[PDB]
Undergrad: 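One structure, as structure tokens, below. Some questions next.
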Amino acid sequence: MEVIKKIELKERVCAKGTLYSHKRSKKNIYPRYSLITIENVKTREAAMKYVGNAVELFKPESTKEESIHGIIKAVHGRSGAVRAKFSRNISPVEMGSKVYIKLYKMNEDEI
Amino acid sequence: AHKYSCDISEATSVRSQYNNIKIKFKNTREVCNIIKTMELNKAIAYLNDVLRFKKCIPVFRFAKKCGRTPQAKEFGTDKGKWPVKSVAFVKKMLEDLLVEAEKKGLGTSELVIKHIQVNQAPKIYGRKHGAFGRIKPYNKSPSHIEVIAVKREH
Amino acid sequence: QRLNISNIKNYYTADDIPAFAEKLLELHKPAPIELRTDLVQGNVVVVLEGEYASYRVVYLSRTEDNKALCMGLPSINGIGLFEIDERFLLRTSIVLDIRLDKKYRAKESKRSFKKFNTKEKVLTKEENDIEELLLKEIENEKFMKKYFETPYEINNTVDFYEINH
Amino acid sequence: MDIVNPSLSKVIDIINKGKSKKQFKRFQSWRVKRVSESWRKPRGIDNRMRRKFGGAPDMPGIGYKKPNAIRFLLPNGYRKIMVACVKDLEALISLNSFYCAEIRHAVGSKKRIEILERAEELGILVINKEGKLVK
RNA sequence: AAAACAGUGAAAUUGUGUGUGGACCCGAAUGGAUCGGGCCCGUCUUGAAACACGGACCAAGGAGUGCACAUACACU
Ligand SMILES: [K+]
Ligand SMILES: [K+]
Ligand SMILES: [K+]
Ligand SMILES: [K+]
Ligand SMILES: [K+]
Ligand SMILES: [K+]
Ligand SMILES: [K+]
Ligand SMILES: [K+]
Ligand SMILES: [K+]
Ligand SMILES: [Mg+2]
Ligand SMILES: [Mg+2]
Ligand SMILES: [Mg+2]
Ligand SMILES: [Mg+2]
Ligand SMILES: [Mg+2]
Ligand SMILES: [Mg+2]
């Protein structure tokens, strides 16, 4: 079963993170950008080393497309969180989900 | 000619339709609703029990303030009724299709009521006199009817 | 002039549109990507993407812009000769002393794949040759044979950029 | 039909994917059936759309107008001209680089055949080519 | 008072079948739970979502016009 293999392949090679919010103020949301936390990264200086890296959301139960790709654009706040952009806008139903950080840089056009 | 409201083959089916009948619209569709998808001999047996007050017609759409009854439990509801005048008409109509089936060379068994529909016919006007010198309406609401039964493939 | 053209056609001088088309094309042209410097012949690398991810392999050459050429060891880990984008490789500080005679080419390892190649494995003379070169450098060395067999696993308890390779 | 203007062939998809799909429905046309969807400007003293409160819909205006070069261009990269005679195509003979023809609906079968034969020899694109004449 | 063609046959409204939702609109999406913003219009009024008035629903009809007399502007 290909899904079980594709997971183990990704698990061995990537860092792990979770999606927790869109970019927002107290009143309005900006769904083009999403906010991520990475496992053991806990300062803004530590987080700067990931700016530019590729990210992937893998979803095996999906009928349309099994994974969405994206890129980390900027650091956010003072405790090591980041801001990222994806080829499609993330649904509110997909918040709380697991994200993979891929250890190589890509250009803003590739996504 | 008549354009029946759906498309089923002439072979392996039997049909009837009537216009402007003088049975009451809302009562008739509650009757038709419950005998849909039923086998024809079962339908005729059930309607005989309704005439004898041994079983009832359950009500779902035209049902406000209706009485509760132990006979309604057979269809998972509390509310039911005994509309004798509509039942006598539908029963006659179904019995005639068994004559047509036999004469056409299908079996008298394995026939299932695949389609049945009721429509409103134009109103017949009437009047009642009220107090303070007023006159108010007192109209009648007739109906149109279609049925198609088919032979089970089994 | 006929009445259809004296009215409808009048909206735009369309003879100008070529100039617009050029400017638009320019703007949506892709940005350039840099060819890296850090990799030397016979560097061991770890594969990060596609069907062969997690295995150690040996880098041979630049090929076609960002494309690079690598070999597994069909005896040791079963991976043959392939091509990949040079960014999908993690560098490590081990360098073998291999030198090759000529240029060779192979199938690309795309990032998106549908199915695993469990069967249907064969070798060319050049695959044989290159293995029978690489193997000599490996046989003489203590645990190197086993090193190529275990997949790589990232440490789940510390930040990646703290580690050295 | 799958045809494209050769001067825009490598650009047409950028153009098409860039067009807006916004609609400007009349206010409260969703509430009562007697008000049609066609735009009318609200003029009430209290009206929330005229006063531009956040959460009300947007109103039409000049800011939304497309660039002068892209405007009026069909998805195949041509502009259109209406025709009803053989003698109409004769006008397009200088313009066939950017314009294409669309035969009017009321022209009947026997006449359409004569239009299409002329279009082939002059080298003019007709977009209703199949039309009624499929049978 | 109503009532033309034994033409065409819209909308309100009803039944049956198939799909999608629990008042609905705008912005953004998922294989899938939804997220953010929005009080009912018209009108008099310092001030209306109002415990101010008119509005059950659909079609068709429905309100700055003509002449005379001086006048300022544009055009011949
Ligand atoms: K109803
Ligand atoms: K549009
Ligand atoms: K006001
Ligand atoms: K604009
Ligand atoms: K008529
Ligand atoms: K008629
Ligand atoms: K008022
Ligand atoms: K009040
Ligand atoms: K008043
Ligand atoms: Mg009662
Ligand atoms: Mg009385
Ligand atoms: Mg009296
Ligand atoms: Mg007051
Ligand atoms: Mg009232
Ligand atoms: Mg009107």
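Quick note: numbers below take in every heavy atom, side chains included, and nothing from hydrogens, waters or symmetry partners. Note on naming: letters A, B, ... go to the chains in the order of the sequence lines (proteins, then strands), and numbering restarts at 1 for each one.
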Undergrad: With a 3.5 Å limit on both atom pairs, tell me what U20(E) is paired to, counting Watson-Crick and G-U wobble, or say none.
TA: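 Looking at the geometry, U20(E) pairs with no nucleotide.
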Undergrad: Send over the distance from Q28(D) CD to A23(E) P, rounded to a whole Å.
TA: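 Interatomic distance, CD of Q28(D) to P of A23(E): 19 Å.
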Undergrad: Write down the distance between CD1 (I45(D)) and P (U45(E)), rounded to a whole number of angstrom.
TA: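 After rounding, the reported distance stands at 8 Å.
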Undergrad: Just checking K22(D): base, sugar-phosphate only, or nothing, at a heavy-atom cut-off of under 4.0 Å?
TA: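 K22(D): backbone/sugar contact only, no base atoms under 4.0 Å.
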Undergrad: Does the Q28(D) side chain pair with the main chain of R31(D), one donor and one acceptor, at a distance under 3.5 Å?
TA: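 Pair absent, no side-chain N/O of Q28(D) close to backbone of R31(D).
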Undergrad: Can you figure out which of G55(E), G37(E), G15(E) approaches the side chain of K27(A) most closely?
TA: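 Of the options given, the side chain of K27(A) lies nearest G37(E).
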Undergrad: With distance as the sole criterion, is a donor-acceptor pair present between the side chains of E37(D) and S29(D) under 3.5 Å?
TA: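 Not at all, the side chains of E37(D) and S29(D) share no donor-acceptor pair under 3.5 Å.
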Undergrad: How many whole angstroms separate atom CZ of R24(A) from atom P of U34(E)?
TA: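 Between P of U34(E) and CZ of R24(A): 18 Å.
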Undergrad: State the sugar conformation of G9(E) as north or south, using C1'-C2'-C3'-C4' as the deciding torsion.
TA: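 Torsion sign negative, so south.
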Undergrad: Of the candidate nucleotides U16(E), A48(E), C26(E), which contains the atom at the shortest distance from the side chain of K25(D)?
TA: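 So the side chain of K25(D) is nearest to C26(E).
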Undergrad: For the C1' atoms, the ones on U34(E) and on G21(E), what distance do you get once it is rounded to whole angstrom?
TA: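 Each nucleotide's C1' atom is 14 Å from the other's.
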Undergrad: Please give the distance between the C1' atoms of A56(E) and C40(E) as a whole number of Å.
TA: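 Result for the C1' pair: 16 Å, nearest Å.
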Undergrad: Using the torsion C1'-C2'-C3'-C4', state whether the ribose or deoxyribose of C69(E) falls on the north (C3'-endo) or south (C2'-endo) side.
TA: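 With a positive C1'-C2'-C3'-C4' torsion, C69(E) is north.
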Undergrad: State which of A29(E), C58(E), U16(E) makes the closest approach to the side chain of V32(D).
TA: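 Nucleotide nearest to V32(D)'s side chain: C58(E).
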Undergrad: Go through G36(E), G15(E), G17(E) for me and flag the one nearest to the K36(B) side chain.
TA: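 Taking heavy atoms from C-beta onward, the closest nucleotide is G17(E).
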Undergrad: With P as the reference atom in both, quote the distance from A12(E) to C57(E) in angstrom, rounded to an integer.
TA: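 Pairwise P distance, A12(E) against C57(E), rounds to 14 Å.
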Undergrad: Do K23(A) and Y30(A) meet the cation-pi criteria used here (NZ or CZ under 6.0 Å from the six-membered ring centre, within 45° of the axis)?
TA: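 Judged by the rule (NZ or CZ under 6.0 Å from the ring centre, within 45° of its axis), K23(A) counts as positioned above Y30(A).
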Undergrad: Decide, for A33(E), between syn and anti: a glycosidic angle within 90° of 0 counts as syn, anything else as anti.
TA: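 Here the answer is syn: the torsion falls within 90° of 0.
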Undergrad: Take atom P in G15(E) and the same atom in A2(E), then report the distance between them in whole Å.
TA: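 Pairwise P distance, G15(E) against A2(E), rounds to 36 Å.
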Undergrad: In terms of the nearest nucleotide of RNA chain E, which residue is placed more toward the 5' end: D58(D) or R31(D)?
TA: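 Here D58(D) is the residue nearer the 5' end.
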Undergrad: Which residues pass the ring pair (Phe, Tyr, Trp, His ring centres under 6.0 Å) test with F62(B), not counting sequence neighbours?
TA: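 Per chain and number, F62(B) pairs via ring pair (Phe, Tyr, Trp, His ring centres under 6.0 Å) with no residue.
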Undergrad: Heavy atom of residues 92-101 of chain A under 4.0 Å from RNA chain E: which residues?
TA: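 RNA chain E contact set from residues 92-101 of chain A: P92(A), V93(A), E94(A).
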Undergrad: Let's see if you can work this out: which of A59(E), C24(E), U14(E) has an atom nearest to the side-chain heavy atoms of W30(D)?
TA: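 For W30(D), the side-chain atoms sit closest to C24(E).
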Undergrad: Please work out if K59(A) contacts a base, only the sugar-phosphate, or nothing of the nucleic acid, heavy-atom cut-off 4.0 Å.
TA: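 Answer is base: heavy atoms of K59(A) come under 4.0 Å of a base.
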Undergrad: Think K6(A) forms a cation-pi with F113(C), using NZ or CZ under 6.0 Å from the six-ring centre and within 45 degrees of its axis?
TA: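 Verdict for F113(C): a cation-pi partner in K6(A).
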Undergrad: Side chain of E61(A): nearest nucleotide among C44(E), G31(E), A49(E)?
TA: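 Output: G31(E).
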Undergrad: So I71(A) and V55(A), do their side chains get closer than 4.5 Å, heavy atoms only?
TA: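 No, too far: nothing below the 4.5 Å cut-off.
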Undergrad: For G64(E), does the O4'-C1'-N9-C4 (purine) or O4'-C1'-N1-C2 (pyrimidine) torsion place it in syn, i.e. within 90° of 0, or in anti?
TA: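 Chi for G64(E) falls in the syn range.
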Undergrad: Please report the distance separating the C1' of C53(E) from the corresponding atom of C44(E), rounded so that it comes out in whole Å.
TA: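 Approximately 10 Å lies between the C1' atom of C53(E) and that of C44(E).
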Undergrad: Quick one: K3(B) NZ to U16(E) P, roughly how many Å, whole number?
TA: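 Distance check: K3(B) NZ to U16(E) P gives 19 Å.
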Undergrad: Quick check for you: among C35(E), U30(E), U14(E), whose closest atom lies nearest to any side-chain atom of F25(B)?
TA: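 Nearest to the side chain of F25(B) among the choices is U14(E).
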Undergrad: Can you tell me the distance, in whole Å, between the CZ atom of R48(D) and the P atom of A50(E)?
TA: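 Computing the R48(D):CZ to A50(E):P distance gives 10 Å.
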Undergrad: Identify, via the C1'-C2'-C3'-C4' dihedral, which side the sugar of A6(E) sits on: north or south.
TA: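 Pucker flag: south.
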Undergrad: For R61(B), report the nucleic acid contact type (base, sugar-phosphate, nothing); a contact means any heavy atom under 4.0 Å.
TA: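 Sugar-phosphate contact only.
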Undergrad: For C41(E) and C24(E), measure between their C1' atoms and round to the nearest Å.
TA: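 Their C1' atoms lie roughly 15 Å apart.
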Undergrad: Using a 4.0 Å heavy-atom cut-off, does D46(D) contact any base of the nucleic acid, only the sugar-phosphate backbone, or nothing at all?
TA: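 Base: the residue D46(D), judged by heavy atoms under 4.0 Å, touches a nucleobase.
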Undergrad: Without swapping roles, check the side chain of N47(D) against the backbone of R43(D) for a donor-acceptor pair under 3.5 Å.
TA: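 Not a single qualifying donor-acceptor pair exists.
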Undergrad: Look through every strand shown and name the nucleotide pairing with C51(E) as Watson-Crick or G-U wobble, where both distances are under 3.5 Å.
TA: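 None - no nucleotide pairs with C51(E), as no candidate has both distances under 3.5 Å.
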Undergrad: Quick one: is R34(D) getting a side-chain N or O under 4.0 Å of the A59(E) phosphate, OP1 or OP2?
TA: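 No, outside the criterion.
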Undergrad: Report the distance from atom CG of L19(A) to atom P of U34(E), rounded to the nearest whole Å.
TA: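 Atom CG in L19(A) sits about 19 Å away from atom P in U34(E).
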Undergrad: So what does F53(D) hit on the nucleic acid, given a heavy-atom distance under 4.0 Å: a base, only sugar-phosphate, or nothing?
TA: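 Result for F53(D) = nothing.
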Undergrad: With positive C1'-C2'-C3'-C4' meaning north and negative meaning south, how does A63(E) come out?
TA: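 Taking the sign of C1'-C2'-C3'-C4' as the criterion, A63(E) has a north sugar, on the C3'-endo side.
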Undergrad: Determine, using ring centers only, whether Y64(D) and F24(D) are less than 6.0 Å apart.
TA: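 Aromatic pair counts; centres sit under 6.0 Å.
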Undergrad: Rounding to a whole Å, what distance do you find between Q120(B):CD and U14(E):P?
TA: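 Distance, rounded to whole Å: 8 Å.
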Undergrad: Mapping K33(D) and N89(A) onto RNA chain E by nearest heavy atom, which one lands closer to the 5' end?
TA: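 Closer to the 5' end of RNA chain E: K33(D).
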Undergrad: Between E102(D) and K80(D) (salt bridge meaning N to carboxylate O under 4.0 Å), is one present in this structure?
TA: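 Yes, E102(D) and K80(D) are salt-bridged.
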Undergrad: Quick one: look up who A72(E) pairs with, Watson-Crick or G-U, both distances under 3.5 Å, and put none if it's unpaired.
TA: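 Result: none.
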Undergrad: Roughly how many Å apart are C58(E) and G47(E), using the P atom of each and rounding to a whole number?
TA: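 Here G47(E) and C58(E) have their P atoms 32 Å from each other.
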Undergrad: Using Watson-Crick or G-U wobble geometry with both distances below 3.5 Å, tell me the partner of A56(E), or none.
TA: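 With both distances under 3.5 Å required, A56(E) matches none.
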Undergrad: When the P atoms of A23(E) and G19(E) are considered, how many whole Å apart are they?
TA: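 Taking atom P in both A23(E) and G19(E), they lie 23 Å apart.
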Undergrad: Between P on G27(E) and CZ on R32(A), what's the gap in Å once rounded to a whole number?
TA: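 Rounded to whole Å, this separation is 17 Å.
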Undergrad: Applying the side-chain hydrogen bond (donor to acceptor under 3.5 Å, both in side chains) test to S67(A), which of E56(A), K10(A), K59(A) qualifies?
TA: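 Of the listed options, the one satisfying the test is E56(A).
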Undergrad: For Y104(A), is the NZ or CZ atom of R87(C) found under 6.0 angstrom from the centre of its six-membered ring and inside 45 degrees of the ring axis?
TA: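 Pair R87(C)/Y104(A) does not count as cation-pi.
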Undergrad: Under the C1'-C2'-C3'-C4' criterion, what is the pucker of the sugar in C40(E): north or south?
TA: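 South (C2'-endo side).
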Undergrad: What contact category does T63(A) fall into here, base, sugar-phosphate, or nothing, at under 4.0 angstrom with non-hydrogen atoms?
TA: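 Contact class for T63(A): sugar-phosphate only.
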